[PDB]
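Line by line, the protein sequences are chains P, U, E, C and S. According to the UniProt record's numbering, the first sequence is numbered sequentially starting from 1128. According to the UniProt record's numbering, the second sequence is numbered sequentially starting from 401. According to the UniProt record's numbering, the third sequence is numbered sequentially starting from 724. According to the UniProt record's numbering, the fourth sequence is numbered sequentially starting from 401. According to the UniProt record's numbering, the fifth sequence is numbered sequentially starting from 966. Positions of the beta carbon are idealized from the N, C-alpha and C atoms, including for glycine. Worksheet for the structure shown next.
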Amino acid sequence: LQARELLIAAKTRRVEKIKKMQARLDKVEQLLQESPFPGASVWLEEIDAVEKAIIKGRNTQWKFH
Amino acid sequence: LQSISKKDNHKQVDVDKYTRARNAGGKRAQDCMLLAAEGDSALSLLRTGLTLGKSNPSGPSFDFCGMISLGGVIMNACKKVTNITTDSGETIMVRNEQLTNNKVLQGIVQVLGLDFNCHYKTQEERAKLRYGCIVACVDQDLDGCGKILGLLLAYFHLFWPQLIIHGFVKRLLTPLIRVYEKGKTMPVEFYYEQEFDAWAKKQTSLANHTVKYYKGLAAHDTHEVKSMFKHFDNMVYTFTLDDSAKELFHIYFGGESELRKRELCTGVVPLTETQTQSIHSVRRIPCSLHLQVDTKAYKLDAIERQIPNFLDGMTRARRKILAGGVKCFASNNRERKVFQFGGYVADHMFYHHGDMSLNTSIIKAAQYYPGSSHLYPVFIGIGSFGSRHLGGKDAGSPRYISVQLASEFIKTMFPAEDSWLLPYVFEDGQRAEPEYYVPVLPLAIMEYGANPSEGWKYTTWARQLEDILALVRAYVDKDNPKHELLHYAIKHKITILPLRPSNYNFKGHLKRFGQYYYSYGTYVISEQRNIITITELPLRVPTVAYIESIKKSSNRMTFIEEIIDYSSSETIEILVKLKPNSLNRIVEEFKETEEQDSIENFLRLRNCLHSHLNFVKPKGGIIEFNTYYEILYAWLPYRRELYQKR
Amino acid sequence: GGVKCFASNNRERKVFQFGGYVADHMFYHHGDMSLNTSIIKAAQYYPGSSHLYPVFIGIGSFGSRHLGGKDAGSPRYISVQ
Amino acid sequence: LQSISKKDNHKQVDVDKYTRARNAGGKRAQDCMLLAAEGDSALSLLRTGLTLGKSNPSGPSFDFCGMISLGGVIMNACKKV
Amino acid sequence: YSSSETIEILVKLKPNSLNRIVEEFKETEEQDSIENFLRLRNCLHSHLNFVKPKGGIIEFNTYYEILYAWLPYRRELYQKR
DNA sequence: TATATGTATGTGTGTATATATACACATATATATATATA
DNA sequence: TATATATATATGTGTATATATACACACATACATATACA
């Protein structure tokens, strides 16, 4: 560990980063158990992102301006 | 025509890069060898080797050895010859005019002094030649060891089997991989690639070995060629002809493909211990045992290289190009040239082939025009990348044009946190690229393609985007009112939701008649000037190829006078001119059915969307589907399990 | 570009791959064939060659006295370090 | 010698990489251009650009423009004469 | 009959023709009659035309001039480091 | 004298295998070509 | 034997391009080989 890390703001940032990882661990265990199979909403979100990227690439003659 | 043009093109006395033996065609002519190499760099190696005058006092030299080039890949004669039956009850074997005029084979016939109407059964006939044996110094990679050596054997079998009986066709035997241990003074030599892969997977610490791949034989250093030419006669082999060999030479190189489909499902039979000891001890090779290992391993390799995988939709080369492009443009998305990016993806992805084919693959992976192969390309192309009109064959040279990573499409379709959890390919020990990508969408049915291969054909026509989105949202989403119906249809192999061809960027029209779709272009007629204006061609029809095809049919040239192209860069506009009073002759002469018009029958304005859905599967091997629904239903569980493990 | 390319470990590369590296990182604004010819001839070593003290070690077939170095391999085949 | 000058060395045809204009050698022959380019990728650019159909009503097209390639570097005639 | 790194050429003469070479190809002091016959000497004729720092040609008359022009650059580069 | 009917060629797509060619620039050497001498 | 041409080769660093082969299959163009005859 660098001596930059031993300050009070770095302690505060590590505390909130521990809080964010705890919340993310709760979300991961919450969406491992969903129906029909694990990870069913995540793949819907990736469907939506790929579809709008295909639209934005068709609008710019596949140059992505 | 030859005599008109012989004052500039006189008799080429190169005989295809032939080097004379000091004793070729004399009293000791049967003491002589002919080291037929594959190119010119190979001849550089062989001429370096045959001149070690006192570093190799027990070696060969040019007193009894010649050289000649095989010119790349040999033509086969089994598909270019006809057995014709005469009156007396004998089938004579008459060749083709294309096979007769092949410059490479003319060279070796003039060098060896062969005769086509001889049979060489007696030794009085087998001493009228100019050399004693042909010796094929070819590469040890699977292309040169299998393909052109099998075609050379097939040529000599198809015309003179008695010389394969009596020991006339020979070959060297070189390493393909050498591995150098730190400290010790002897390397480990592997002759096949899968032998080295099974070896290198067994190890636990390969941190101090240096694996050397020898692509062609001209990559061999000076101490290596000295140690290979001190043991020259130690490593020449000879072919022996079996009685079961005629069926194998008819399967692999005959004009019937279904024998080759029926064979090439199962993998290569491993080689036994008695056969191994017999080959390495008595130093002879049966032709059938060669055709069922080397030629079959080559043909399976060519299916792997030339046919896509049904998960990601891309071949082996395009998968290396995508992996090297994600690795290269990581820091900033700064442009590179084509040859510089090709050098990068040949260095870091362990590509073991030529550079011209890799650069052509990068160019055609970057192209985007109405009717190109890729509807969703990996790269953004910057420069001149060709047009509809010459079919994309009018791009720039690779020193001019540039590519760039289409970063957000590559990020969304192929997520980065998924690529840590895929099976990879190892070349020479290190990771290079995945076995496959598993995209968010079934990209193998979303684009085009038309290739030949060994045994099989590949041809696809892309589907609508909205149909595929509706299918995957019916599978995944539980609040979609076509969820359990589609699950029942997956259980019982029936269809519910439509799956139409892709009409995007196409302004003609599609019609389903019986069991296939047809695509139709658009004309526009005017009898006041005898002008038909073509405003649309069918799917994937080049413009100048269409116009030159309509000019060769003299049945159609008797009705038109002048044809003028007014096309745009991406829009078709073709203008014909008719000689007066010929529309009614077209209507009564080119008849109209209810599937195609008379004007479309006249102007070649429809084609069939005919598919050949033949892919490769994971862990190797062909798989052949019947409809696109089968490909989608095979695709879905891989993506499901990949989400679970991430 | 060769001092910078073989910095980490001195593993050999093909001539066209090293040529792509030195045309990328050294801003070479010309064609690719003459660069590969210069990389080939900048590594040759035989009695009567141009360079008596070459920059590179050449691994493969790099031509001989008897054709003046004009019979090397293609860049697809041979290597330098 | 007449049959050597002729017969063998008789009349030939048109050259390669040549796209004529629609109005070459006619009643408006003087108002046509020859856009002589350096290779074939340049002719691919010129074919891309002379076919802007309705997206460039003020630009040229093949009604009064042609194309031919210069073959790389021109031979000089100032020292072969 | 040459090896890959050592010359060995073999000629064969027409019978009783060693004598007729000497009157045809006269022996000067600078070269022998055989070396006149078999093209076995050449002149080492130099053209020491280089480019200099900040561009432009420079032209020397002997190799000593090149050495004497080279030495101070290495001197000042040691002082700089 | 029209009709079929079984023959034979022929480009075309992707991923492979092996090659080929024109031009600029300076200067020393070369091997045959040329007058006019006669 | 002489004075005189005009074409001809090779070196490094540059400028441009050409071409043969494999593999599958739907499709296009060329006869041609008969079979009633006529």
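Boundaries of the alpha helix (DSSP H) in which residue i is found, first to last residue
i, result
"S/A1034", "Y1028 to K1045"
"U/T859", "Where U/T859 is concerned, there is no enclosing alpha helix (DSSP H), although the beta strand (DSSP E) it sits in stretches over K857 to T860."
"U/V745", "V738 to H748"
"P/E1173", "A1167 to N1186"
"C/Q402", "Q402 to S405"
Chain C within 8 angstroms of residue i, Cβ atoms only
i, result
"U/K407", "yes"
"U/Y888", "no"
"U/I404", "yes"
In DSSP terms, what residue i is bridged to
i, result
"U/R788", "Looking at the DSSP assignment, U/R788 forms no beta bridge with any residue, so it has no partner."
"U/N483", "U/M493"
"U/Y904", "Beta-bridge pairing links U/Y904 to no other residue."
"C/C465", "C/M433"
"U/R831", "U/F826"
"P/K1154", "None; P/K1154 has no bridge partner."
Exposed unless 16 or more other CB atoms sit within 10 angstroms - verdict on residue i
i, result
"U/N456", "buried"
"U/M493", "exposed"
"U/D515", "exposed"
"U/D643", "exposed"
"S/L1032", "exposed"
"residue 1193 of chain P", "Since the first and last residues shown for chain P are 1128 and 1192, residue 1193 of chain P lies out of range."
"U/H519", "exposed"
"C/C478", "exposed"
Within-8 angstroms CB hit, residue i to chain U
i, result
"C/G426", "no"
"P/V1177", "yes"
"E/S784", "yes"
Residue range of the beta strand (DSSP E) that includes residue i
i, result
"U/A536", "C533 to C537"
"U/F653", "Careful: U/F653 lies outside any beta strand (DSSP E), inside the alpha helix (DSSP H) at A645 to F653."
"U/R1006", "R1006 to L1009"
"U/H909", "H909 to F913"
"U/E962", "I960 to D965"
Test: residue i CB closer than 8 angstroms to a CB of chain S
i, result
"E/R788", "yes"
"E/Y769", "yes"
"U/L435", "no"
"U/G453", "yes"
"U/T448", "yes"
Closer than 8 angstroms to chain E by CB, residue i
i, result
"S/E970", "yes"
"U/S444", "yes"
"U/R799", "yes"
"S/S998", "no"
"U/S441", "yes"
"S/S982", "no"
"U/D747", "yes"
"S/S1011", "no"
"U/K615", "yes"
Beta-carbon contacts of residue i that lie in its chain and below 7 angstroms, excluding the five residues immediately before and after
i, result
"E/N733", "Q804"
"C/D431", "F464"
"U/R420", "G466"
"U/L689", "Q675"
"U/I762", "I721, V738, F741, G742 and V803"
"U/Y1028", "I845, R863 and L899"
"U/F629", "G449, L452, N456 and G459"
Close-in-space but distant-in-sequence residues of the same chain around residue i (CB under 8 angstroms, 5 per side omitted)
i, result
"U/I1023", "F710, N1014, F1015, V1016 and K1017"
"U/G783", "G796, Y800, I801 and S802"
"U/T491", "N483, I484 and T485"
Own chain, CB closer than 6 angstroms to residue i, minus 5 neighbours either side, in chain order
i, result
"residue 948 of chain S", "Past the boundaries of the shown model lies residue 948 of chain S; chain S is included only from 966 to 1046, so the question cannot be answered."
"U/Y923", "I932, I934 and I999"
"E/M749", "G724"
Contact with chain P by residue i, beta-carbon distance below 8 angstroms
i, result
"U/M493", "no"
"U/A832", "no"
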